[PDB]
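Engineer: give the three-dimensional model of this entry:
(chains A, B, C, D, E and F)
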Amino acid sequence: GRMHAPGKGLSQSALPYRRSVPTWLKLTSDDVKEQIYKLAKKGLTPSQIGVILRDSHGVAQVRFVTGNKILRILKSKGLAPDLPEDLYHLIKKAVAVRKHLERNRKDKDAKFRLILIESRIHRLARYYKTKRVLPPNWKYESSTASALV
Amino acid sequence: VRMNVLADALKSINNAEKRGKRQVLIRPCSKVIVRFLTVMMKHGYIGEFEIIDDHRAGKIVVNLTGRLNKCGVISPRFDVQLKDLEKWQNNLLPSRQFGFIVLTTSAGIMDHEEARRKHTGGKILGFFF
Amino acid sequence: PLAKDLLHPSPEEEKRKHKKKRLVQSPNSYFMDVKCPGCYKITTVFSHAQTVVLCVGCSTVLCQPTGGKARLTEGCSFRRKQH
Amino acid sequence: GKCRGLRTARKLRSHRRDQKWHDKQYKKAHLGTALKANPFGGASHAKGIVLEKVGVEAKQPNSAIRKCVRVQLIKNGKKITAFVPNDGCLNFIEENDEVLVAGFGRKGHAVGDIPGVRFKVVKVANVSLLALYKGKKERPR
RNA sequence: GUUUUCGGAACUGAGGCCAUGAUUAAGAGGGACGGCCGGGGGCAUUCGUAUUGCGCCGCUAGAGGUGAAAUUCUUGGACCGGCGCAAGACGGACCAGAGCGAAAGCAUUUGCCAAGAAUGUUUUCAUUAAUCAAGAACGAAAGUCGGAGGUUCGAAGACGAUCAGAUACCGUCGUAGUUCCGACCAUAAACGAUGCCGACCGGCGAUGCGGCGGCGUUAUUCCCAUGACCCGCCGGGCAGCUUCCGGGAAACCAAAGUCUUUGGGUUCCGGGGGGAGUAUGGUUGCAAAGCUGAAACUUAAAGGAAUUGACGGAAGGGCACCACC
RNA sequence: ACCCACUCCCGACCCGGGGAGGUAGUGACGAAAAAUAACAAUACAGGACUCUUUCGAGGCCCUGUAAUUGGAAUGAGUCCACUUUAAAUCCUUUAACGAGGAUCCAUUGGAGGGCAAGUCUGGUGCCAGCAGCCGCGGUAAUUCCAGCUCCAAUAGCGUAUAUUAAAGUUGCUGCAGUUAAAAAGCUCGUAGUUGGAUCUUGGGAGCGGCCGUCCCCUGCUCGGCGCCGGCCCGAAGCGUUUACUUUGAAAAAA
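Structural biologist: Residues are numbered from 1 along each chain as shown, chains lettered A, B, ... in the order given. Here you go:
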């Protein structure tokens, strides 16, 4: 069951049993990391990196090929973003909605969906403060939000 | 959401045996389910089972007789002294002649009758008869 | 039916079922040796691509994204590779 | 119970505590309003002084005249219509007599045919109304 | 006269050594991605009859209205017929036990705007979750305040009937209102009279959305590949039929089942009928009122489901010259 | 009311004082034991047996009821004495008296149902009254008022009121919420509550007849079963932190 919907969807990605790398994949773990760096430098998220990789370069899971996963490869060298991509995207969506709702006070549905998105943010913020990957001093305020692109 | 995985298991193999199934898939898996089942097996209530290893939590497939009248969880896992264990088997089993409260002691997950002779109480997991 | 071989699903039954609900979890995707006739190189494309996989040294654009499986452009062939 | 948490003692106790007030038998005993408005002030019996002898018309079905006695209670100064038991026992009650008065049986609820009379007369002038009815004691005048 | 090894504690530089350190990726959850999907919402634009009013032209005395009439209109030309014009409502038929939305709700065209479920995924984060005192958003209709507009309909009111009366049902007018804008109000039989999350336990053919597969027919004809049908499967949704799963007081419910064989998590909430959602205090509101909310007292029942009968100003069938033809 | 004799306390104190305390009196708060008759002979009746179709015979065997009769009983009371005790009392002991209507007299509530026990008789006539509730009472009242009778508990039994069980009608065990009372209009949301899977196992030592019951699978300052600075081991001190369970200490009597 979804967080802020009645939806009981089951559209999950389903990894195979065999964590063992396939045969055909000729790229060594280092050249995969080198290509991950090349994608990160272009300005892509670990989500967008992983998609571009498995599509055009036949690398199912970076964790399967290498040891580690894409953010931890970004983070080790310091190509990772300061605030997480998923909490970035909710703040990005909240600034989009709030801009729409500046000149559309009639749009009561928007206003309700804003409160649902605000709740997704506060909920993730609270999680990342327990894991100290955000400052304890940090708090998403909608007036301070437009600077956080 | 799913919170007591041992509840999902015992209710699913209870539902299944009431229906008359020869075996039943119980599609999350924990070490506590596996110890509980081995206790039900040692007293011959269920048949020799099978733990399917995916690389997540397992799935178990449990051969059934028609001996298991009911298995069940006690949630929450109440603490049971050796004093109190009479009052549980008094109100939670269908007789003194059969039925077994499983309770997780320090010694290990086991029936109430071994918790007597080992002289160790602990937390009631469930029961079966 | 009361008695079902729950441990031994016949492969007609397993491939029928939802990927998550299979006795062991198993995807419905696969990698393709997609080759265009204009170019020399065999590119590895993911079946459910969801991007525009291009010819590196542009002779064409190979696949186009849809709901499920991507459309392989007319002219292109595919072998499904496995381990 | 609808919260079987191991750490839920106060919710389960504090709910039960709150929902006991929706019981009648509890709400009655555990407020002053039932014990204050009680004409006897929570006592079993009560001596009062007859100020008139009163015929009360029985209920809808059956139809006699129930011979009760209007009483000024000593302790409170409160007004009570109290029934007089067996056949021809209103002949034993001179006016301005100190009568000992009990409940009727239903813990301050109206009994049988008698509308809003919760009390019976037990003794009259400190002589028992059963003893006068059986003729064992004679009325001291 | 000392500084030392020695013990013992701090600050700190290099090397080796550790198999050097990150469990998995939930038929939990968030987020990205993809092509869809929907009377989802907002802003604008656009259309369609119809209604009412107005003007013009025609011909004629009735028209409206009702069970029957009357009020009303009407030779100063009504109603009717034809061409236009204006305004404001409203979106027929298509329109479904169909869809979307948290609920209230949502239906001319087109554009913009952000939003959303579902499916697809060998993408990512990796327990972030479930439910929730406080606090909060939205919340039909009516109603309140200040504007704008006023076509229709129409609380109050004026009549005209019916009637014993008729401050009603019927009819003709008709103010507030109905419409739009800004601000309240926060309630409905706001209903599935059914809290939310999760697991399990029957069968069947349908339908809607996405995906995947399969003979054939048809279109873009010039192959493709996409639509339209066709035959299956998978997930998610609104449903339906059926069954001694089981439950239930039953009616009935694939949930209202998996409950004396009683324990998956959690919120709200009931305790005989009245008194009473009343009095009182607080609080919100301009108001109307809303939220919280007793007691005395009164009472042997009130009530639920089902059965049989009687009864109906309900439906259908049948008989009779004590009924008709 | 009597007393410091008991119990203890106070004092300079083996010696005085104590309405503290003790002893009687009142006492159906309540608790324990426990009389109100037992036994025979007769009429009688029911049940064993030879016997009879039925009646009837016998009672060797029983069992029950009649203000029938007959002695044998023992204490309620009366009461000398001792004992009791500070002095008495009560109790216990014990001379003498002390029972046939054993008048040395058992009540209290009931008898329609719940609920044990009259469809009896006389009275009343929706009156009087009964009746916890349902009900009874308007001329054959099973319910009122009485008589006889029967039932229940019994030296007790009824009544009013608080309170417990019955109440799974407060529900932790364990209730309910479509329609009987009941799910907030809907959603978000903080404390509260609940929260996925996963991190040690195989065998070494020994016994009984393949299965059972035991010991072992952390490391570095001080000495005793010993040895040519340390080997085996004994006693300290550091050792993820809690809940839990088992044991131990400790916890006034009544």
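Engineer: look up phi and psi at residue A:58.
Structural biologist: phi 60, psi 30 (degrees, to the nearest 10).
Engineer: check contacts around residue A:101.
Structural biologist: By Cβ atoms under 8 Å, 6 or more residues apart in numbering or on different chains, residue A:101 lies in contact with A:107, A:110-111, A:114. To be clear about C-beta, it is placed using only N, CA and C from the backbone, and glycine gets the same treatment.
Engineer: ok, now with 10 Å
Structural biologist: Counting by Cβ atoms under 10 Å, 6 or more residues apart in numbering or on different chains, residue A:101 touches A:107-108, A:110-111, A:113-114.
Engineer: mind checking which of these are buried?
Structural biologist: Buried residues within these, counting neighbours by 16 or more other Cβ atoms under 10 Å in any protein chain shown: residue A:114.
Engineer: Throw the contacts of residue A:101 into JSON lines and include distance to residue B:101 and secondary structure, thanks.
Structural biologist: Shown next, in JSON lines, are these (distance: Cβ to Cβ, whole Å; DSSP: H, G, I helix; E, B strand; the rest coil):
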{"residue": "A:107", "distance to residue B:101": "60", "secondary structure": "coil"}
{"residue": "A:108", "distance to residue B:101": "56", "secondary structure": "helix"}
{"residue": "A:110", "distance to residue B:101": "57", "secondary structure": "helix"}
{"residue": "A:111", "distance to residue B:101": "55", "secondary structure": "helix"}
{"residue": "A:113", "distance to residue B:101": "51", "secondary structure": "helix"}
{"residue": "A:114", "distance to residue B:101": "53", "secondary structure": "helix"}
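Engineer: which among the contacts of residue A:101 gets closest to residue C:17?
Structural biologist: Checking the contacts of residue A:101 against residue C:17 with Cβ to Cβ, the nearest one is residue A:113 at 35.9 Å.
Engineer: neighbours of the nearest residue to residue A:59 once chain neighbours are set aside, just the number please.
Structural biologist: Excluding its sequence neighbours, the residue lying closest to residue A:59 (Cβ to Cβ, 6 or more residues apart in numbering or on different chains) is residue A:53, at 4.8 Å. Residues near residue A:53, counting by other Cβ atoms under 10 Å in any protein chain shown, number 22.
Engineer: one more: residue D:106?
Structural biologist: 10.
Engineer: center of chain B - which residue?
Structural biologist: In chain B, the residue lying closest to the centroid (Cα atoms, centre = their mean) is residue B:36, at 4.1 Å.
Engineer: could you pull out the helices for chain B?
Structural biologist: Using DSSP state H, the helices of chain B run over B:5-19, B:31-42, B:85-92, B:112-117.
Engineer: any idea which of these gets closest to chain A?
Structural biologist: helix B:5-19 (15.9 Å; Cβ to the nearest Cβ).
Engineer: who are the packing partners of the closest one?
Structural biologist: strand B:23-26, helix B:31-42, strand B:59-63, strand B:71-73, strand B:126-128 (3 or more Cβ pairs under 10 Å, 6 or more residues apart in numbering or on different chains; DSSP states H and E).
Engineer: again, only this time at 6 Å
Structural biologist: Where contact means 3 or more Cβ pairs under 6 Å, 6 or more residues apart in numbering or on different chains; DSSP states H and E, helix B:5-19 is packed against strand B:23-26, helix B:31-42, strand B:71-73.
Engineer: could you dump the ones you listed into JSON lines and include distance to residue D:73?
Structural biologist: Listed next are these as JSON lines, based on distance: least, Cβ to Cβ, whole Å:
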{"stretch": "strand B:23-26", "distance to residue D:73": "73"}
{"stretch": "helix B:31-42", "distance to residue D:73": "70"}
{"stretch": "strand B:71-73", "distance to residue D:73": "61"}
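Engineer: is it possible to get CSV of these that adds distance to RNA strand E?
Structural biologist: Supplementary listing: the helices and strands packed on helix B:5-19 in CSV, determined by distance: least, Cβ to the nearest atom of the strand, whole Å:
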stretch, distance to RNA strand E
strand B:23-26, 6
helix B:31-42, 12
strand B:71-73, 4
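Engineer: leaving out chain neighbours, which residue sits closest to residue D:85?
Structural biologist: residue D:120 is the one closest to residue D:85 (Cβ to Cβ, 6+ apart), at 5.8 Å.
Engineer: dump the residue contacts of the one you found.
Structural biologist: D:83, D:85, D:102, D:104 (Cβ atoms under 6 Å, 6 or more residues apart in numbering or on different chains).
Engineer: residue B:62 now?
Structural biologist: Contacts of residue B:62 (Cβ under 6 Å, 6+ apart): B:13, B:24, B:46, B:49.
Engineer: can you count the residues close to the second one?
Structural biologist: Residues lying near residue B:24 (other Cβ under 10 Å) number 23.
Engineer: what bridges to it?
Structural biologist: Here residue B:24 sits in beta bridges with residue B:62, going by DSSP bridges.
Engineer: now the third one
Structural biologist: The partner list for residue B:46 in beta bridges (DSSP bridges) reads residue B:64.
Engineer: unless I'm mixing things up, residue B:61 is touching residue B:51, no?
Structural biologist: No: counting by Cβ atoms under 6 Å, residue B:61 does not reach residue B:51; the two are 8.3 Å apart.
Engineer: looking at the two, which is more packed in?
Structural biologist: residue B:61 (18 against 15).
Engineer: so who does the more buried one touch?
Structural biologist: Residue B:61 touches B:23, B:25, B:50, C:6-7, counting by Cβ under 6 Å, 6+ apart.
Engineer: hmm, 10 Å instead?
Structural biologist: B:23-27, B:49-52, C:5-8, C:23.
Engineer: burial of residue 73, as a residue count?
Structural biologist: The chain I'm using is chain A. Residues lying near residue A:73 (other Cβ under 10 Å) number 23.
Engineer: wait, chain D was what I had in mind.
Structural biologist: 20.
Engineer: next one: the one 4 residues further on
Structural biologist: The burial count assigned to residue D:77 is 8, neighbours taken as other Cβ under 10 Å.
Engineer: rewinding a little: does any bit of whichever strand or helix holds the residue nearest to residue A:59 sit next to RNA strand E?
Structural biologist: Using DSSP states H and E, residue A:53 sits in helix A:46-56. Yes: Helix A:46-56 lies within reach of RNA strand E by Cβ under 7 Å from any atom of the strand, at A:46-51, A:54.
Engineer: and that helix, which residues are buried?
Structural biologist: A:46, A:48-56.
Engineer: which strands and helices lie in contact with that helix?
Structural biologist: So helix A:46-56, by 3+ Cβ pairs under 10 Å, 6+ apart, packs with helix A:29-42, helix A:62-65, helix A:70-77, helix A:85-100, strand C:43-46.
Engineer: and that helix, how far out from the chain middle?
Structural biologist: Mean-position distance between helix A:46-56 and its chain equals 13 Å (Cα atoms, centre = their mean, to the nearest Å).
Engineer: what angle separates it from helix A:29-42?
Structural biologist: Helix A:46-56 and helix A:29-42 are oriented at 120 degrees to each other (axes from the mean of the first three to the mean of the last three Cα atoms, to 10 degrees).
Engineer: next, count neighbours for residue B:60.
Structural biologist: So residue B:60, with other Cβ under 10 Å, has 22 neighbours.
Engineer: go on, the one 10 residues further on?
Structural biologist: The number of residues packed around residue B:70, counting by other Cβ under 10 Å, is 13.
Engineer: return the residues in contact with it.
Structural biologist: By Cβ under 10 Å, 6+ apart, the residues touching residue B:70 are B:10, B:14, B:17-18, B:94, B:99, B:127-129.
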